[PDB]
Amino acid sequence: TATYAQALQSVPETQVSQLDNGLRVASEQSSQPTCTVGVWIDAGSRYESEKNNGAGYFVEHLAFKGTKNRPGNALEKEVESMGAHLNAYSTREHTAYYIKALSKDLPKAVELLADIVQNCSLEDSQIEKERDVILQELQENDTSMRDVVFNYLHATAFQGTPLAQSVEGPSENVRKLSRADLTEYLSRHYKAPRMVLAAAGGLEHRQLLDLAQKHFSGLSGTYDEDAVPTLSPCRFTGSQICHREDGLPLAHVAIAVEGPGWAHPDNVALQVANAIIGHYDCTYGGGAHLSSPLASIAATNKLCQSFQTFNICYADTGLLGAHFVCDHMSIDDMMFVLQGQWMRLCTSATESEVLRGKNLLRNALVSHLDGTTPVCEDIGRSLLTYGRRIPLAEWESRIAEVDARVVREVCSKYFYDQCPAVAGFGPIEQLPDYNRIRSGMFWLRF
Amino acid sequence: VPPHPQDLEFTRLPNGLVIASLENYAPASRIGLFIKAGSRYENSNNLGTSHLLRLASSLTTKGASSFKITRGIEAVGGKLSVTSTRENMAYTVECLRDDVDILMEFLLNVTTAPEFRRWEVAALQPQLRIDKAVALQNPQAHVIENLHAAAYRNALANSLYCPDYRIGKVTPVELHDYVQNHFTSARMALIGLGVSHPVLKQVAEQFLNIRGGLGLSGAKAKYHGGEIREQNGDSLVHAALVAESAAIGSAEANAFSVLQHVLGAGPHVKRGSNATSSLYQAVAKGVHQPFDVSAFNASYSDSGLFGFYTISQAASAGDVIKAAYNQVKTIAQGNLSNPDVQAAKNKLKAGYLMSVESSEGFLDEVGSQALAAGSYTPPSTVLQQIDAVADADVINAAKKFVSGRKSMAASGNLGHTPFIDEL
Amino acid sequence: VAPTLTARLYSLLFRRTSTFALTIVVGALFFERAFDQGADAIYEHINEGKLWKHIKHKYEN
Amino acid sequence: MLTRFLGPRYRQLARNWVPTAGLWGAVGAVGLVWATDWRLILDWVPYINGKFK
Ligand SMILES: CCCCCCCCCCCCCCCCC[C@@H](O)O[C@H](CO[C@H](O)CCCCCCCCCCCCCCC)COP(=O)(O)OCC[N+](C)(C)C
Numbered sequence: 001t002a003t004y005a006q007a008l009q010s011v012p013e014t015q016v017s018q019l020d021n022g023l024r025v026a027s028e029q030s031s032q033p034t035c036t037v038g039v040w041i042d043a044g045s046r047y048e049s050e051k052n053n054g055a056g057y058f059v060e061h062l063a064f065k066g067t068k069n070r071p072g073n074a075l076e077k078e079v080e081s082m083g084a085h086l087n088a089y090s091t092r093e094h095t096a097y098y099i100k101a102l103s104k105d106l107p108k109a110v111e112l113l114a115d116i117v118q119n120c121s122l123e124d125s126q127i128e129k130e131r132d133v134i135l136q137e138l139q140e141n142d143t144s145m146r147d148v149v150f151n152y153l154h155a156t157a158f159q160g161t162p163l164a165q166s167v168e169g170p171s172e173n174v175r176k177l178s179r180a181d182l183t184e185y186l187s188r189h190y191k192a193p194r195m196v197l198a199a200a201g202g203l204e205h206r207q208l209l210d211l212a213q214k215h216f217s218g219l220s221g222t223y224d225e226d227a228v229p230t231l232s233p234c235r236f237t238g239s240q241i242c243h244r245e246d247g248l249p250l251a252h253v254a255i256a257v258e259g260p261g262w263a264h265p266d267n268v269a270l271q272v273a274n275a276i277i278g279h280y281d282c283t284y285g286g287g288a289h290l291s292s293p294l295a296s297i298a299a300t301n302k303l304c305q306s307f308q309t310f311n312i313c314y315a316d317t318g319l320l321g322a323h324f325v326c327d328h329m330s331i332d333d334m335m336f337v338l339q340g341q342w343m344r345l346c347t348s349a350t351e352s353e354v355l356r357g358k359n360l361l362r363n364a365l366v367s368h369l370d371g372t373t374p375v376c377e378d379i380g381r382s383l384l385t386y387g388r389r390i391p392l393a394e395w396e397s398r399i400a401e402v403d404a405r406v407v408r409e410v411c412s413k414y415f416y417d418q419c420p421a422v423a424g425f426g427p428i429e430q431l432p433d434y435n436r437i438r439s440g441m442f443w444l445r446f
Numbered sequence: 017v018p019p020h021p022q023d024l025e026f027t028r029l030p031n032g033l034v035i036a037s038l039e040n041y042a043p044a045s046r047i048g049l050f051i052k053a054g055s056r057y058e059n060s061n062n063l064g065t066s067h068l069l070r071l072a073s074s075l076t077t078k079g080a081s082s083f084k085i086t087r088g089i090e091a092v093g094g095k096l097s098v099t100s101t102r103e104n105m106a107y108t109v110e111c112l113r114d115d116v117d118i119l120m121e122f123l124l125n126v127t128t129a130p131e132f133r134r135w136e137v138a139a140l141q142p143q144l145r146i147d148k149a150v151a152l153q154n155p156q157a158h159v160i161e162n163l164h165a166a167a168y169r170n171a172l173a174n175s176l177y178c179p180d181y182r183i184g185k186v187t188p189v190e191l192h193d194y195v196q197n198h199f200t201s202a203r204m205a206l207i208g209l210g211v212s213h214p215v216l217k218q219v220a221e222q223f224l225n226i227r228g229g230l231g232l233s234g235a236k237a238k239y240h241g242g243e244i245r246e247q248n249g250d251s252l253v254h255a256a257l258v259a260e261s262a263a264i265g266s267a268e269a270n271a272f273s274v275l276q277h278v279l280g281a282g283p284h285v286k287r288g289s290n291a292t293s294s295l296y297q298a299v300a301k302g303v304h305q306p307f308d309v310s311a312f313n314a315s316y317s318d319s320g321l322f323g324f325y326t327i328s329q330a331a332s333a334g335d336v337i338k339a340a341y342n343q344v345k346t347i348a349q350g351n352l353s354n355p356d357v358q359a360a361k362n363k364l365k366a367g368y369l370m371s372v373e374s375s376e377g378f379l380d381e382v383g384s385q386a387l388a389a390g391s392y393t394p395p396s397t398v399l400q401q402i403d404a405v406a407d408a409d410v411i412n413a414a415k416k417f418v419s420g421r422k423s424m425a426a427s428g429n430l431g432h433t434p435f436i437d438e439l
Numbered sequence: 001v002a003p004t005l006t007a008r009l010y011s012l013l014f015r016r017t018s019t020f021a022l023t024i025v026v027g028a029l030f031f032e033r034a035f036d037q038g039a040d041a042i043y044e045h046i047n048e049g050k051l052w053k054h055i056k057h058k059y060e061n
Numbered sequence: 001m002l003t004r005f006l007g008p009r010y011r012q013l014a015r016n017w018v019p020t021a022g023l024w025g026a027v028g029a030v031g032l033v034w035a036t037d038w039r040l041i042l043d044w045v046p047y048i049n050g051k052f053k
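Respectively, the protein sequence lines represent chains A, B, J and K.
PDB author numbering numbers the first residue of the first sequence as 1 and each following residue consecutively.
PDB author numbering numbers the first residue of the second sequence as 17 and each following residue consecutively.
PDB author numbering numbers the first residue of the third sequence as 1 and each following residue consecutively.
PDB author numbering numbers the first residue of the fourth sequence as 1 and each following residue consecutively.
Structure below.
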C-alpha cells in the first residue's frame with residue numbers, strides 16, 4: 001500500500017541555502033538523469049515607468065544573442081551541442097531564464113546562466129535587429145483575441161497604475177528605447193537579493209551551492225548604496241473596455257473582480273470555487289453530463305465555444321473571474337449563467353460540489369508538479385512570492401480545511417456586490433451594459 | 017537522500033497481453049491501456065471508425081452509464097483521455113492514489129463493455145466535424161494526412177481524422193466490430209504508474225482476457241509514393257518531402273533518428289539562429305525572408321518515413337525545398353564530421369531522457385514499447401543503442417533517402433513549389 | 001465615525017437585500033411618525049391660534 | 001413525486017437559505033404591521049404611539 005497522505009511526505013524537502021550576495025539558491029532532488037536550472041528575477045512590467053515599458057521584454061530578446069565571454073552565436077552553439085534547451089519568460093511581476101539539460105551538464109548550465117544574467121553584450125547592431133523582431137511580434141499578438149482581452153482587462157482594471165501596462169510595451173517605446181535605457185533597468189533590477197537560482201532533478205544541493213558561489217559571486221563588492229525600489233500598491237478600478245469589431249467571427253469577453261494577491265490564505269478557497277465552475281471547450285467529450293452547471297448549460301445550449309476561470313495573482317492584488325469566447329448572439333446568456341453561478345456559490349454553495357472542487361485542485365496541483373521544468377519553476381516563483389517553498393502536505397492541509405461555509409464566506413468577500421473589471425472584443429453589440437453586469441453581482445432574493 | 021527508486025515490473029501473460037507497472041510513490045496515479053487499434057486497421061469500407069471511437073470514450077457502458085462516467089471521474093477530479101496514432105489507441109486514466117479503483121473500473125467498462133447506443137452515437141456524430149475542424153486549423157495536420165495518403169497505398173494511408181463523406185455514416189455496428197476484433201488480449205498492454213503489479217495482473221487476469229479478432233500487427237504497409245497538392249491561398253507554403261526509411265525497433269531507425277538531429281529538429285534556444293541545425297543554416301545561406309525547416313522522422317511497425325518539412329513564403333518555396341534537399345545530398349556524398357554526429361547523439365540522447373521525465377511521457381513510452389516490442393528497454397540501453405550508430409550508418413541513411421522513391425505533400429499558393437519531378 | 005458611518009451601515013444592513021429591505025420597512029415606520037406630526041407642528045406655527053385645536057378649551061363642559 | 005427532494009444536499013440547501021427566509025418574514029411582518037396600523041402589535045412599540053390618548 002501507500003495512502004495519498006503518505007505520498008505527500010515522500011516528496012523531498014526543497015533545500016534552501018543563501019549566498020553572501022543575497023542570491024537565494026534552491027533545489028529539489030530526485031533520482032532523475034536530467035534537470036532544469038534557472039534564475040528567477042523579481043522584475044517585470046509593474047517595475048517599469050511608461051517611458052521604458054518594453055525594457056524587460058527587450059532584454060529577453062537580447063539575453064541569448066551574445067555575452068562578453070560568448071559573443072553572438074557561441075551561447076546557442078554550446079547549449080545546442082550538449083542537447084540542452086534554453087528558455088525565458090516575462091510576466092508583469094517575474095522574469096525567468098532556465099536551462100533543461102542532462103544532470104551531468106549542470107556545471108556548464110549554471111555557468112551559462114551566470115553569463116547570461118550578468119554579462120549581457122547589448123551590442124547596438126543586435127538591439128536594432130531586435131527592434132524589428134519585437135515590433136513584428138506586436139502585430140502578431142494583435143491577432144490573438146485572448147492575448148488582447150487580457151491586456152485590455154489589465155489596462156482597465158489597473159487604470160493609471162504600473163499594472164495596467166503590458167509586458168511588451170507600446171510601439172513607440174520599442175521604436176525609441178536605447179542601449180542606455182536597457183543597461184539602466186538591467187543594473188537597477190538584476191541585483192542578487194531579487195534573484196533565485198532554482199534547480200530540480202538529479203542534483204546535489206551541495207554541488208549547486210558550490211556552483212552558485214563559483215559563478216554568481218561577483219555581485220558583492222558594494223550593493224544597493226544609492227537607491228532601492230519597493231513596489232507601490234495598484235488601484236483596482238471597476239470599469240469596462242469595449243473594443244467593438246463586427247469583422248471578427250467570435251466575441252472575447254474577460255470579466256474580473258479584484259483578487260487579494262499571492263500571500264493571502266484565502267486563494268485556496270477561491271481556487272476551489274473556481275474548480276467547481278471550471279472550464280469548458282467545444283472538444284470536451286462530456287457535454288450535457290458535466291458537473292459544473294455552467295459547463296453543462298454551455299454545452300447543451302451551445303452557448304459558447306470555450307470558457308475558463310482564473311485567479312491571476314500579483315503582490316497584494318489580483319484578477320479573479322472568467323473569460324469566454326462565443327458567437328455574437330450568446331454573450332448575454334453566457335454572462336447571466338456565469339454571474340448566476342458566482343452568486344449561487346456566494347449564497348448557497350453545497351458540501352459535495354466543494355469536495356469536487358477540492359478534488360480537482362489536489363489533482364491539478366499534483367499533475368502540474370510533474371518533471372524538472374514545472375517543479376524548478378515552482379521553486380523559483382514560490383521563493384519570489386511566498387519567500388519559501390510551501391510543501392505539498394501544507395497545500396493538502398490548506399485544501400482539506402475548505403468546506404461549503406468557507407467557499408460561500410470567501411466567494412462573498414470577493415464577488416458579492418463588487419465592481420467587475422470588464423473587457424470585451426469583437427462582435428460585442430450584445431455585451432451587457434456595465435450597470436447590468438454590475439447588477440448581476442448581487443441578487444434581490446438574497 | 018531521496019527514496020531509492022523502485023524497478024519496473026514486466027510480464028507477458030500466455031494469452032499475449034502485457035502488464036508493466038512502476039511504484040514511483042507519486043501522490044497521483046496513471047493507468048494506460050494501450051491497444052494496437054490505430055487508424056491503420058481501418059479499411060476502405062469503414063474509414064473514420066477509430067476516430068468516432070476515440071470520441072466515444074464516455075458513452076454508456078454495461079456497468080456504468082454515460083452520466084456516471086462523467087460525474088464519477090469528475091467527483092474525484094481525475095481524467096479519462098484517449099490518444100490515437102496510426103498504430104495505437106491509448107486509453108489513459110489519471111487520479112489521486114486513493115482513487116485508482118473507481119477509475120480502473122471505468123477504464124475497463126469503456127474499453128471492454130461499451131454499449132454504443134444508436135441515439136448516443138447519432139448525437140456524437142457532429143463532434144467529428146468540430147474535432148476535425150479544430151485539428152485541421154494547423155496547416156501541418158492536412159500536410160501529414162496528405163503525406164501519408166500519398167506515401168502508402170495501404171494502411172498508413174488512412175488518416176487519424178474521419179473523411180468528411182463518413183461523418184454521420186459510421187454505424188453503431190462498425191464500432192462494436194472494431195472493438196471485438198481489435199481490443200483483444202494479444203493486441204493489448206495494461207500499463208500502471210502509482211499502482212502495484214499484483215493488482216494490474218489481477219485485473220488483467222479477470223477483465224482483459226478477450227480474444228477473437230485479427231492477429232497481424234502487419235496487415236502490411238505497402239509503400240508506394242507520389243505527391244498531393246492542395247492550392248490554398250493561405251499566408252505561407254507548407255511542404256513535406258519524404259522517402260521510405262526504417263521500421264521502428266530495427267538498428268536502421270536509430271541511424272535515421274541521428275540523421276534527424278544532424279540536420280535539425282525543433283529549436284533548443286528561445287528565438288535563435290539554430291546554429292547547429294545544418295538544414296536551417298543551408299537554406300538561410302540564400303533565403304533572406306521568414307522560413308522554417310526541420311527534418312521529419314516517422315517510425316512505424318513495418319515502414320517509416322524520413323525527410324524534411326518546410327514552411328516558407330509562396331515564391332521562396334522551391335528555393336527553400338531545393339536548398340534543404342541539397343543539404344541532405346551533401347551528407348549522402350560523405351560530408352559529415354565526427355563532432356557533427358556526436359552533437360546529434362547528445363541532442364537525441366538528452367531529448368529522449370527529457371521525453372520520459374514526467375509520468376505522462378513515461379507511461380506513453382512504456383506503452384508504445386510494450387506494443388511495438390513486447391519489451392521494456394531501460395534508458396541506459398537506449399543510450400547504448402544510440403551510441404552504436406556510427407557515422408557511416410548516418411551517411412547510409414542519407415543515401416537511402418536521396419536515392420529512394422519520394423513522397424510529397426504541400427499546401428498554399430503552389431505557383432513556385434516544385435514536383436518531385438523537378439527536385 | 002471611524003471607518004465611516006456609511007461603511008458600517010453598508011456592511012451591517014445594506015449588503016444583503018434581506019437586511020436592506022428590513023432597514024427600509026423599519027425605517028419607513030420610524031420616519032412616518034417623525035414626519036406626520038413633525039410637519040403638523042410646522043402647520044401649527046403658521047396658524048398659531050386660528051385652528052379649532054387651539055380654540056378647544058373656550059367651549060368645554 | 002417528493003422523495004427526489006430529500007437528501008444531504010437539500011439539508012445544506014435549506015440551512016443556507018434560512019437566515020434569508022427568516023429575514024423576509026420579518027420584512028413581511030413589519031411590512032404588514034406598518035401598513036394596516038396594527039395597533040395590537042404597535043401599542044407595544046416604544047416610539048410609535050399615534051394612539052396618544
Ligand atoms: C404606476 C403609477 C404610479 C406612478 C409612480 C411614480 C412615482 C415613482 C415611484 C415608483 C417606485 C420606484 C422606486 C424607486 C427605485 C429604487 C429601487 C428599489 O426598488 O430598490 C431595488 C430593490 O428593492 C428593495 O431592496 C426592496 C425593499 C423592500 C422595502 C419595502 C417597500 C414597501 C412595501 C411594503 C411591503 C409590505 C407589503 C404590503 C402588505 C399589505 C434595487 O435596489 P438597488 O438600488 O439596485 O440596490 C441594490 C440592493 N443592494 C444594496 C442589496 C445591493
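We put the beta carbon where it would ideally sit given N, CA and C, even for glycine.
| Check | Outcome |
| --- | --- |
| Chain A contact residues for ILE146 of chain B, given Cβ-Cβ distances below 8 Å | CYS282, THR283 |
| Contact test: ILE24 of chain J Cβ vs ligand 2 heavy atom, cutoff 8 Å | Although ligand 2 was asked about, the structure shown includes only ligand 1 as ligands. |
| Integer Cβ distance of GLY320 of chain B from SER261 of chain B, believed to fall under 8 Å | 4 Å |
| Cross-strand partners of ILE207 of chain B (DSSP beta bridge) | B:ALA36, B:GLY48 |
| Contact check, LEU203 of chain A vs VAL25 of chain A, beta carbons under 9 Å | no |
| DSSP three-state assignment for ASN162 of chain B, whether helix, strand or coil | helix |
| Extent of the continuous alpha helix (DSSP H) to which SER18 of chain J belongs | 17-45 |
| Environment of residue 506 of chain A [buried if 16+ CB atoms lie within 10 Å] | The structure shown does not extend to residue 506 of chain A, since chain A spans only 1 to 446, so no value can be given for it. |
| Backbone CA spacing between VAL126 of chain B and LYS84 of chain B [nearest angstrom] | 12 Å |
| Cα-Cα separation between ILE241 of chain A and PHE223 of chain B, rounded to whole angstroms | 57 Å |
| Closer than 9 Å to chain A by CB, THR17 of chain J | yes |
| Presumed contact (8 Å Cβ cut-off) between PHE307 of chain B and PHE324 of chain B, rounded CB distance | Incorrect: roughly 12 Å between the Cβ atoms, too far for contact. |
| Contact check, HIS323 of chain A vs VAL149 of chain A, beta carbons under 9 Å | yes |
| Cβ-Cβ distance between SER121 of chain A and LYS68 of chain A below 9 Å | yes |
| Cβ of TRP342 of chain A within 9 Å of any chain J Cβ | no |
| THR347 of chain A at chain K interface by Cβ criterion, 9 Å | yes |
| Same chain, Cβ closer than 8 Å to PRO233 of chain A, five either side skipped, listed in chain order | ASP316, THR317 |
| Status (buried if at least 16 other CB within 10 Å, exposed otherwise) for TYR59 of chain J | exposed |
| Test: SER289 of chain B CB closer than 9 Å to a CB of chain A | yes |
| Extent of the continuous beta strand (DSSP E) to which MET441 of chain A belongs | Here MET441 of chain A belongs to no beta strand (DSSP E), and DSSP marks it neither H nor E. |
| Buried versus exposed, by CB contacts within 10 Å (16 or more), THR350 of chain A | buried |
| DSSP state of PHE336 of chain A mapped onto helix, strand, coil | helix |
| Chain-order list of residues whose beta-carbon lies under 7 Å from that of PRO12 of chain A (same chain, five-residue window excluded) | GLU28, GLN29 |
| Proximal residues of chain J, C-beta to C-beta of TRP443 of chain A below 9 Å | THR17 |
| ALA21 of chain J CB to nearest heavy atom of ligand 1 below 8 Å | yes |
| Proximity test, Cβ basis, 9 Å: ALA14 of chain K and chain J | no |
| Closest by C-alpha distance to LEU431 of chain A, when choosing among A:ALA74, A:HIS94, A:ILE255 | A:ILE255 |
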